[PDB]
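Given next, in structure tokens, is a single chain: the form solved without this ligand.
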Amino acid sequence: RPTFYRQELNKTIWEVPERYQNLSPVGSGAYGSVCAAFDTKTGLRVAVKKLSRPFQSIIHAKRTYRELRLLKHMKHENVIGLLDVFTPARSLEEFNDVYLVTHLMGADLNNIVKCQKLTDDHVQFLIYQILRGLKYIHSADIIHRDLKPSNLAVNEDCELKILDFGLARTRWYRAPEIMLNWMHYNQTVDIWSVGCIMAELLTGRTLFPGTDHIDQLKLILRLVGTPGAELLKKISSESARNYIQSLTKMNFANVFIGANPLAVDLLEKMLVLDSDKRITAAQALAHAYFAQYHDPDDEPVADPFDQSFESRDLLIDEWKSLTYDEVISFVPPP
């Protein structure tokens, strides 16, 4: 066991191993708060997240377990992974707090085109990394569901990692089927998000900046066009088909004037209403737009992820015990 020290942060006592220094609050959420810190043991800037009352209820407890399981699973250059997880508790009986440590890359894509659009060469590099990481996540049978610029961290060398779990420092990037509570989501919900992000990097402007939910959907329909006959067959409701026909084309092509035609071709393949017809991450990696970076020998897939817990309805004490097990078994990365 490491030596811990105590300090008041974000309105509670944080108790952390001595290696983590210079904690500074950077965020809080309903479920946790984050400090930036410096890990004197590895020389890395890190984010330390202290969960807030991780076992307050069955739902909190399951969320805590899910977050830790997902972070422990992720071992890929373009996906955030778990550098450390700890608790000052010395037994399951004392176990009440959980702290998660991840890389702090130092910036994200959220600010990035406020001032000007990116070059085509730089968009190739960033989107390539997003898709390389998404191929990995998808191969584990995991769907991100909330890809957006603030969930894409980059360092000074513009190496990129996909984030989640409130490490991000809007519905503009959400697949329309998620907004329409469709359920039965495909992984290509995330490909829609990548298309929205890529479009914005190339043009310097949000692709679908809706003011509210229905506005978001109206903007999408204006740009990609009304559902064709094949997609209309997959929508049960006659009234819904009538209603979309009433809101429903602005040129997709006119949005991307001056762009690399290979970029536009890829955007057209990502931003397809019918999720069954969107390009996959793996397919996208092979598209000619990425010829400078694609290497099939180094676009690795994930170990399969045991998601049995997702469908379980367990008691708090069981979720808490399962979480404690995962804390104790953690082995830090190379």
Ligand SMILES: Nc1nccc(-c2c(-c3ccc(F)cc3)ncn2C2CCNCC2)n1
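In case it trips you up, residue 1 is the first one in the sequence shown, and so on.
The protein also exists as the form solved in complex with this ligand; that form is not presented, and the subsequent description refers to it.
Q: Say this ligand is put on the shown chain the way it sits in the deposited bound form, by superposing the C-alphas near its site; is the site then open or blocked (3+ ligand atoms within 2.4 Å of backbone or C-beta)?
A: After superposition, this ligand runs into the main chain and C-betas, so blocked.
Q: Only one of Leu202, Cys196, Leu100, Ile130 has a non-hydrogen atom within 4.5 angstroms of this ligand in the deposited bound form; which is it?
A: So the residue touching this ligand in the deposited bound form, by this definition, is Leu100.
Q: Looking at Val34, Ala284, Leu271, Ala61, which is the one with a non-hydrogen atom within 4.5 Å of this ligand in the deposited bound form?
A: Result of the distance check: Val34.
Q: My question is simply whether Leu266 lines the interface with this ligand in the deposited bound form - judged by any non-hydrogen atom within 4.5 Å.
A: No, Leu266 sits far enough from this ligand in the deposited bound form that none of its heavy atoms falls within 4.5 Å.
Q: Determine whether any heavy atom of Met105 comes within 4.5 Å of a heavy atom of this ligand in the deposited bound form, and answer yes or no.
A: Although this ligand is absent here, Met105 would touch it in the deposited bound form, with heavy atoms inside 4.5 Å.
Q: Please determine whether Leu82 contacts this ligand in the deposited bound form, using a 4.5 Å cut-off between heavy atoms.
A: Yes.
Q: Residue-level question: is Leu71 within 4.5 Å of this ligand in the deposited bound form, judged on heavy atoms?
A: Taking the distances in the deposited bound form, the answer for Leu71 is yes, it comes within 4.5 Å of this ligand.
Q: Can you check 74 to 82, 89 to 97, 257 to 265, 202 to 210 and let me know which stretch has heavy atoms within 4.5 Å of this ligand in the deposited bound form?
A: Looking at the partner contacts, the answer comes out as 74 to 82.
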